[PDB]
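**Q** Fold the following for me, if possible:
(chains A, B, C, D, E, F, G and H)
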Amino acid sequence: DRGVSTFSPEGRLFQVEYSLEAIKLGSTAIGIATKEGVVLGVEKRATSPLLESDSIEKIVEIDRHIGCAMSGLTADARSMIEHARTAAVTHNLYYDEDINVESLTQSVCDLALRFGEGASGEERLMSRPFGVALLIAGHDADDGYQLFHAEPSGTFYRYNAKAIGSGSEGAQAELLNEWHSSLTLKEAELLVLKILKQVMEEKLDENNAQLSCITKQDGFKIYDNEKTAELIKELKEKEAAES
Amino acid sequence: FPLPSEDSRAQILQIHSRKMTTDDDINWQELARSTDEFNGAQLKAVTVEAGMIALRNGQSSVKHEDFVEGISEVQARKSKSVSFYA
Amino acid sequence: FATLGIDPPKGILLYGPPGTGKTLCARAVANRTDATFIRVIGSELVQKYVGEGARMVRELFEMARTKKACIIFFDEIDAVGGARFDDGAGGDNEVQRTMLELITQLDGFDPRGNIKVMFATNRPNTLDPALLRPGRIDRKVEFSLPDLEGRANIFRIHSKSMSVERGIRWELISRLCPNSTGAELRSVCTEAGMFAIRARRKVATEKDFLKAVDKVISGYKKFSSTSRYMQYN
Amino acid sequence: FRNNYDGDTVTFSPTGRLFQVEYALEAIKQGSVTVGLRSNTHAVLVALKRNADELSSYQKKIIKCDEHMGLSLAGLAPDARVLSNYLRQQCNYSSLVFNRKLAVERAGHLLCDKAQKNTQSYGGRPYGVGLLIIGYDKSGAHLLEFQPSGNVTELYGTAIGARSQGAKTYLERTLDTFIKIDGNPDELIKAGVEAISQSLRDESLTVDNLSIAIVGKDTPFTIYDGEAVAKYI
Amino acid sequence: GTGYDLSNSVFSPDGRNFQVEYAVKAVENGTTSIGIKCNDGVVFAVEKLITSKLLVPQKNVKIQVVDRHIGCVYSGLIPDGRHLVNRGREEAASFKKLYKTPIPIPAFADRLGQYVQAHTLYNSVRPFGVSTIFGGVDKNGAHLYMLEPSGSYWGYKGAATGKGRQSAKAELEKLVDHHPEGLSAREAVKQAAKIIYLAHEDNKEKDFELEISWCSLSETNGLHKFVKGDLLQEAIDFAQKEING
Amino acid sequence: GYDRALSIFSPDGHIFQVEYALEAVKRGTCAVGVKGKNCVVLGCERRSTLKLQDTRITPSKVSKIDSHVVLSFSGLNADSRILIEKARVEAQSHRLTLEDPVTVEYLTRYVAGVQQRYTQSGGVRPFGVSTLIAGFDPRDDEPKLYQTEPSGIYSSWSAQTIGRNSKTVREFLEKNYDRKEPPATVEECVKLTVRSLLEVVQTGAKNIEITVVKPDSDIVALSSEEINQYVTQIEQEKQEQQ
Amino acid sequence: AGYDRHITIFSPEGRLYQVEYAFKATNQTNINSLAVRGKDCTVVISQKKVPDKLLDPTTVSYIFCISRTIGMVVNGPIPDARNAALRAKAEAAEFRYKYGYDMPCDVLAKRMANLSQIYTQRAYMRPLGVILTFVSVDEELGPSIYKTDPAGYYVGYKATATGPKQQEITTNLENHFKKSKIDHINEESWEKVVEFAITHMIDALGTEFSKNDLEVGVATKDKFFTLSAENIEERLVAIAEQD
Amino acid sequence: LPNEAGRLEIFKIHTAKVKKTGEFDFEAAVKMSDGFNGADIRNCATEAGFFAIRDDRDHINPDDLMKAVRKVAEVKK
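**A** Numbers count the residues shown, from 1 in each chain, chains lettered A, B, ... in the order given. Take a look at the structure below.
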C-alpha cells in the first residue's frame, strides 16, 4: 500500500483503528470486579469434538494477588509474560510489595504499546499494535479491587464491569443494569454464566469455557472442571427458579 | 486563489447569508477561527447544510449553533468513529 | 427552501465495493421517485470522435432543462474522471474533456429542482481532486460495513418470503457472521437454499444457517474480496 | 492521487506544507475539550475528559512534573505516555543537573524539532499531539501552546477541542480583568467553569469526568477530582 | 508520477526539482522580514502577525543571534528554521573550542550550506523548506548572506522574504544612490519600518507588531543591542508619518 | 539493515502472511499422528513418486529434541529445520540451566515464541511452518499432541493431523476412534493410522513411513512389509455384504 | 515500474535517465567560461552576471582556490557547486597529511571522479551533475587541465569551456592549434595571454563588460591568485589599444 | 537571450513610446534581465506604467521600472 505513517482523516493510525476487528474473531470474555473477589472468565467453545481443553490456557496469572485474561490471537498474550510478569517481579525486586493495579496497568501500557516504522534506541519493529484483548484485574492495598483492561488500541480506562469479544455489543448493553455496588461474589458467579449462555452458541460445558477468581487472601485460583461443572448445575437450577 | 484567512472567510460567508434568516447570535470572527483552509466552494456548503440541520428540529430559522452543525455535516470527513472517543 | 434560504443537494457520490447493497439502494430509492429514469454509463462514453462523449451528451443535459421531472444517474465515472500526473498518455483528453464538459452545465447556470447528479465508483478520491471539489457534489454517500444488530433486518427481509421453521434463533446465527454487507448476507441464504436442494430440506432450518456461514464466508469465500483497496487516494 | 502528497512524510505539498499535519490538527477536536489560561501569580487548567461508558472512567492526560509547573495535553495521546514522560524526565533533569525552572521557551523548543525529526529522518511517523504547558519562574506564569506543526508562542489563555472556540473568543473581552485579579484562585477557577458551559452545547456539566489543575507561587501543582471540584460545580 | 515531488534524489531538466520549488511557496506565505547592510553595521527586522488579542507582544522573536557577534533570522516553517539554529550555534561553540577565537561571517555561511546540500542527496532525508537570513559583525566588517531554501547563498547588501521580496528591496536601491556605502545605519532602522510598512497596504488584516534586533560596526564593535523604549516607538511613528491615513 | 516491517496489519483481520502460511501445509505432504497410553505414533508420507533413495540416507520429517521426544511435522523444509536446531539448543539450554529435560508444553511455546517475533517484530518475515509436537515428560509416560499454527496459536489434540485433505481424513477418527477410551496395545494405534493413510497417498506404499515413539529412548520405524499386513484386513469384512 | 523518476535502473536504451538529465542542461545557470594553458602558466576566464545592485562582487565566484598551485572551474547549480568544492578542499589537505607534497592534477581529478562513480552504485544517494574542471600548473609537466564529467569522464584537455558556445570557441582554437601543432600557448607574458583568450570570447558573445562583470584568474608557477577589480579593468582597457 | 548589444535596439523603441522624465539609467536594467524576450521588454513599462495611473502622472521613475523587471522574473514559466 503505502507508508504506515499515514494517518486517518481524524489523525489516527490505521492499525490502531482496525485493531478492533481481530478482537471479535477471538473468544468472548466478560470480567467483573465485585465487593468480594474479582470474577474472571473466558469462552473456549470448540474447534472440533476431539479438542482437549486441559492444555490450553486462555487465562494466565501475572502475580498471585492479580490476574489476567485474553481475547484475540494468542501471540501477543505471551509478549506480556516477558514484560508484565517481569515488571511485577521487578517491582518486588526493588520495592518488594504488591504493585498497585492502577499503577501496574499504566506501567504495563508503557511496555505494552511500542511500535512504529523504526527507531535505533526503542524497538518499533512491531507492526500490529495488538492482536488480543488483555484483561488486568487484582486487589489494591489502598483502594481495593480494580478491574482494568488492555485495549487493542493501547489505551487504558477504569472499568467497573467490562465486556470484550464479538458479543461485547449486546452483553455490555444489558450489563449496565446488571452490575451493582451490592453485587457479591456468589451472586456474580451465576450472573456471568447466565450472560454467557446467551453468548455461547453451543450448550454450556466445562470444556467450552474457563472461569477463575482473584482473592485478596488465597490469590488467583482457577476453577477445576469438577468445580466448574458444579456452577453449571447451579445455573440450571437457578434459571428454573426465576419464573 | 489564496487560502482565505479569518477575516477573508467572513466576507465570503456574508455573501451566501444574505438570503439566510438568522437569530443575530452569530459572531463572524468566531466561526472563521474554527475553519482552516476552506475556500468559498467549501464555505458555501456550510450555509446550505446549516438549515438542513434545523429541518429535522423544526426550527423557524437557523442559529449560531446550526452554523457549527454545518461543520458537523460530512464533507471533509468530519464524522464520528469508534475507540478513543465515544 | 425560500423561507430558510437553503437548497437541496444536487450532486452526490457513491463509493464502495461493487454492488454489495450500495448500488442496490441506489436503484431502490429511484423507483419511489416516480419520475423519468435515464441510465448513462462512462465506459461506452469514450468512443472516438470529439464531441460524441460531450456534445452528444450535452444534448441530454440541455433536454434535462426542457423536459422536467427527469432523473439521470451518471455511471462509470472511473472511465470519465481520474487524477493525472503527466497529463495523459494520449487518447484520454476527450475522456478528461467530458469531465470538464460536465462542469460547464453546472458552471454558468442550472436549476437543481428537476435535475439530479449521482456518480458510481469503487473509491471516492480516485477522481480529479478538482472534480471532487464541492458544488458539483453537495453530499457524499459513505458506504462501509455496518454494525451487527443493524443488519438483523436483512435476515428478516430475505425471510419474509422464505419459509423458515418456527423457533429458530437469529442471535446465534449473526454471531458467526462478522461485519459484512447486505449482499454478502444473501449469499449465506443463497447457499442455504442449495442445502435444501441436495440434502433436500423441507424448510430453512437453524443448522443450515449455522453451517452456511462457515460454508460460505469461511469455506467458500476465502480470498478474492475488497478489503485494503479503499483508504483515501 | 493524494497518496503522493500525504502518505509520504518527506514530500512537499504544492502549498508548502505537509498533509500529515492537517490530520493532526483535526485530532484536537476529536479528543477531549480542555480550557486553560494564565493569570500570572495563579494559574488554572480546567480539562473536561469524556469516558467511553457510563460504568467507565477516562484516563488522565495531565502528568504531574514539579510543584511550580504543570502540563495539560489536548486531542489524543498515542505517544504521550512516552514523550511527555520523557519530557517529565527532562523536567527533573533540568532541575537536578542545570537547576532550571524550565520556562515555556526551551520546553517547547526541543519538542518543536523533536516532532520534526520524524519528518526529517525517514522511518518514523509524526507525533501530532497538542500540548498546553504552563510554568512559573521569577518572571511569573507563562503558557505554552504546542501545535503538531511546532508552534512556540505565549498566550494569556486558549481553549482547544471540539466546539471549544466559543470559550476561546468570548473570554477575550474579560481577559484583561482575569489577569489583573490575583490572590483569589477560587474565582479564577470559576472563570474556567463558565468556559466549560460555553463549550458544551449538548450534555451538561459532569462531576467525575471534570479535571481541574492549578499552580501558583505558594500553592504547588495539584489535580482536583471528586470532592475537590464539588464547590466548582 | 513525475518523480520530482516525491523524490529529491533525481535530476530536473531545469536543475531544480519540483520538491525544491514547493519550498519557495512555503517561504513566501510567511511573514515579511527584511535586512540592512550599511557602513555602520547590519540591522535586521522581524514582524509577528497578530491573529487574536490572546497573543502577547514582545515574546516570540524569530531573530536568532548566535552569541553576540552573529545574528540570524528565518521565515516560513518554525521547526525547519529553528533546526538550523541548534546546529549553527553548536558549530560556533565547536569553533571556539578548537581555535579559541570568534567565528567570522564567511566561515559561518559554509556550515549552513553544507546541511542543505547533504539533505538533498539522500532521498530518505527531508530537505529544508525555509529561507535563512543571517549576519553580524566580524574582525573584517559588515557582511550579510541569505541562505535560499535551495541552498544557494552569496553576497547581499540587502535581504527580504515573505510577501513582496523583490518589491521590498526596491527601497534598498534608493538608498544606494543616496548613500554609496550606506553611511549612517541608524536612519536605516527608521527606513526598515517604512519598508515593512510598504507591505502593510495589501496585507493589512489585524494589528501589527514590529521588532528590530541589530548589530553595529561602530557602536557595538561586536556586541549586541536591542531596540526598545524611545527607539521602539520612534521608528514606528516614522513609517506612519509619511502616510497618516 | 531493514528498519521497516515485512508484515502489515489487516483492517478486517485477514493477513497476507497468515493466508499462505497455512496453505504451505496444504501444498506439502500430510503428517498423521495419534496419541496413546504408553506411547505415541506419528505417520507421514512422501510427495515424490519415483524413489531412487533410501529412508535412512535422506531424512525428511525425522527430528529429535529430547532422548524420548521425537518431533515430526510438515509445514515446510528449509524454514522447518531452522526451528528444530534452535529447539535443540534450547533443549540443551535447559540442560545447561534447569539440568532437567523440558516438558512438551514449553517445547511448543518456544517454537511459537520464535514465530511470535516474526508476526510481531519487523525486519524478518514469518514462516509457513506448522509443527505437530509429541513426546513425553520426565518420569511420565503420558504423551502430548500440540498443533502449532504459524501465527503462534497452539492447542491440545489427539487424532489431529495436518496436510493435504487432512480435515476430511480426521473426520474418520472423530467417531471410530474414541479419545475417552484410548487403545492399549502399541499395534492398535497403527491399525487406525494405516487406514487413514490410504485416503491420501493410496498406492505407492514406498512413500508411506511410520515412526512410533516409545519411552526409555526407543524409536521403531515400521517397514513396508508390516504395513501390508493391515491392508489385507481392510478388505476382509468391508467387501462382504451382510 | 521501469521508470527512473525515483529509483535508478538500467533503461532499455542502455542509458540511465539520471545520466541524461545531468548531461542535458548544465546551462540552467546561464553562464559561460573558458580555460586555456600558457607556456609556464595557466589562464582561465569565466563570465560573470550580477543581476542586482546589492550583490557583493567579491563574494560571487566560480573559481575557488584549492591548493597554492591549484585553481578550479565549476559551472552548474550554486548549492551543488560547493558540495564538490568543500570536499575537494578537504581532500586536498589529505594529500599532505598522507604524503606532504602538493596535490597533483592526476589525483584530485581522480578522487572526485571515483567518488562520483560510487553514486552509480548507490541508488539512495543522489549524484552531482555539476561541471567540474580542475586547473593548475604542475612543476614537471607544466600546465594541465582535467575536466571531470558527472558520469566519471576525465581526460587531458588542452582547452575547455562551458555553455552551448563551447563548440564555437573550440572551432577558432582548433585552427590555431593545428598550424602551430602545439596544445598549449607557447607565448610568454600571461598579461597578454589573458587578452588573447578574451578575443575568442568576444567572438562568441559580441559585447564588452566591466571590471566586475568578468571572473578572470591566472595560475602561475608555484602560485595561484585572483585578479582584483583594478587588475581586470586594466586588461579590458589595454586590449583596445592593441587591436 | 543575448547581451545588451542584442536588446539595445529594442530599448530605443521601448523608450520612445513611454513619455517620462529625462533622467533614466537602463544599463543596470540589462543585468536585471533573466529569461526575458522582446515581449517581456514591453511588459516592463506596461506594469510599471500601471502604478502611475492612479498617480495622475505619466512619468516613470527608473526604480519603478526596475520593479516591474523583477516582477516578470517571478511569473516566468
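
**Q** looking at this, residue E:241 is in a helix?
**A** Yes - in this structure, residue E:241 lies within a helix as judged by DSSP: H, G, I helix; E, B strand; the rest coil.

**Q** ranges for the helices of chain E?
**A** Here chain E has its helices, by DSSP state H, at E:18-28, E:78-98, E:105-119, E:165-168, E:170-178, E:186-199, E:230-242.

**Q** hmm, the last one touching chain H?
**A** No - under the criterion of CB under 8 Å from any CB of the partner chain, helix E:230-242 makes no contact with chain H; the nearest approach is 15.2 Å. Backbone N, C-alpha and C define where each C-beta goes, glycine included.

**Q** contact partners of that helix?
**A** Helix E:230-242 has contacts (CB atoms under 8 Å, 6 or more residues apart in numbering or on different chains) with E:189, E:190, E:192, E:193, E:194, E:196, E:197, E:210, E:212, E:227.

**Q** do that again at 6 Å, thanks
**A** E:189, E:190, E:193, E:194, E:197 (CB atoms under 6 Å, 6 or more residues apart in numbering or on different chains).

**Q** just curious, which of these is nearest to chain D?
**A** Among the contacts of helix E:230-242, residue E:193 lies closest to chain D (CB to the nearest CB), at 23.2 Å.

**Q** Would you mind measuring from that closest one to residue E:242?
**A** As judged by CB to CB, to the nearest Å, residue E:193 and residue E:242 stand 10 Å apart.

**Q** between those two, which one's more packed in?
**A** The neighbour count for residue E:193 versus residue E:242, taken as other CB atoms under 10 Å in any protein chain shown, is higher for residue E:193 (21 against 8).

**Q** ok, now how distant is that one from chain A?
**A** To chain A, residue E:193 is 41 Å away according to CB to the nearest CB, to the nearest Å.

**Q** List the residues that contact residue 21.
**A** Using chain A. For residue A:21, the contact set (CB under 6 Å, 6+ apart) comprises F:12, F:13.

**Q** meant chain H actually
**A** residue H:59.

**Q** Next up, phi/psi of it, please.
**A** phi -70, psi 160 (degrees, to the nearest 10).

**Q** Identify the residue spatially nearest to the one residue in chain G that gets nearest to chain C, adjacent ones excluded.
**A** Taking CB to the nearest CB, chain C has its nearest neighbour within chain G at residue G:5, 9.9 Å off. Nearest residue to residue G:5 in three dimensions, chain neighbours excluded: residue E:3, at 2.7 Å (CB to CB, 6 or more residues apart in numbering or on different chains).

**Q** so the residue located most distally from the centre of chain H is in which element?
**A** Here chain H reaches farthest from its C-alpha mean at residue H:56, the gap being 19.7 Å by CA atoms, centre = their mean. In this structure, residue H:56 sits in neither a helix nor a strand according to DSSP states H and E.

**Q** contacting residues around the most centrally placed residue in chain G?
**A** Compute the mean C-alpha point of chain G, and by CA atoms, centre = their mean the closest residue is residue G:73, 2.5 Å away. Residues near residue G:73 by CB under 6 Å, 6+ apart: G:33, G:35, G:44, G:133, G:135.

**Q** try it again with 10 Å
**A** G:33-35, G:44-46, G:62-64, G:131-135, G:145, G:147, G:160-162, G:215, G:217 (CB atoms under 10 Å, 6 or more residues apart in numbering or on different chains).

**Q** Next, find the distance separating the residue of chain H found nearest chain D from chain F.
**A** When scored by CB to the nearest CB, chain H has residue H:77 as its residue closest to chain D, at 15.2 Å. According to CB to the nearest CB, residue H:77 stands 38 Å off from chain F.

**Q** okay, now that residue: neighbour count?
**A** Here the number of neighbours of residue H:77 (other CB under 10 Å) works out to 4.

**Q** contacting residues around residue 51?
**A** In the absence of a named chain, this looks at chain A. Going by CB under 10 Å, 6+ apart, the list of residues near residue A:51 reads A:44, A:45, A:207, A:208, F:147, F:155, F:156, F:157, F:158, F:160, F:179.

**Q** my question was about chain E
**A** Taking CB under 10 Å, 6+ apart, we find residue E:51 in contact with B:5, B:6, B:33, D:153, E:205, E:206.

**Q** for residue C:70, same thing?
**A** So residue C:70 contacts C:35, C:36, C:37, C:38, C:60, C:63, C:64, C:114, C:115, C:116 (CB under 10 Å, 6+ apart).

**Q** Doesn't the third one belong to a strand?
**A** Yes - under the criterion used here (three-state DSSP), residue C:37 sits inside a strand.

**Q** For it, give its distance to residue C:118.
**A** 11 Å.

**Q** Which one of those two is surrounded by more residues?
**A** More neighbours surround residue C:118 than the other of residue C:37 and residue C:118, with 19 against 13 (other CB under 10 Å).

**Q** Can you classify the nearest residue to the more buried one once chain neighbours are set aside by secondary structure?
**A** The shortest distance from residue C:118 to any non-neighbouring residue, by CB to CB, 6+ apart, is to residue C:73 (4.8 Å). What three-state DSSP gives for residue C:73 is strand.

**Q** my guess is residue C:73 contacts residue C:117, does it?
**A** Yes - between residue C:73 and residue C:117 there is a contact under CB atoms under 10 Å: 8.7 Å.

**Q** intersection of neighbour lists for the two?
**A** Common neighbours of residue C:73 and residue C:117 (CB under 10 Å, 6+ apart) are residue C:12.

**Q** which ones are touching the residue of chain H closest to chain D?
**A** Contacts of residue H:77 (CB under 10 Å, 6+ apart): E:14, H:35.

**Q** Which residue does chain C have closest to chain F?
**A** Scanning chain C for proximity to chain F using CB to the nearest CB identifies residue C:227 as nearest, at 5.4 Å.

**Q** Now that that residue has come up, it's in contact with residue F:13, right?
**A** Yes - contact criterion CB under 10 Å: residue C:227 and residue F:13 qualify, at 9.4 Å.
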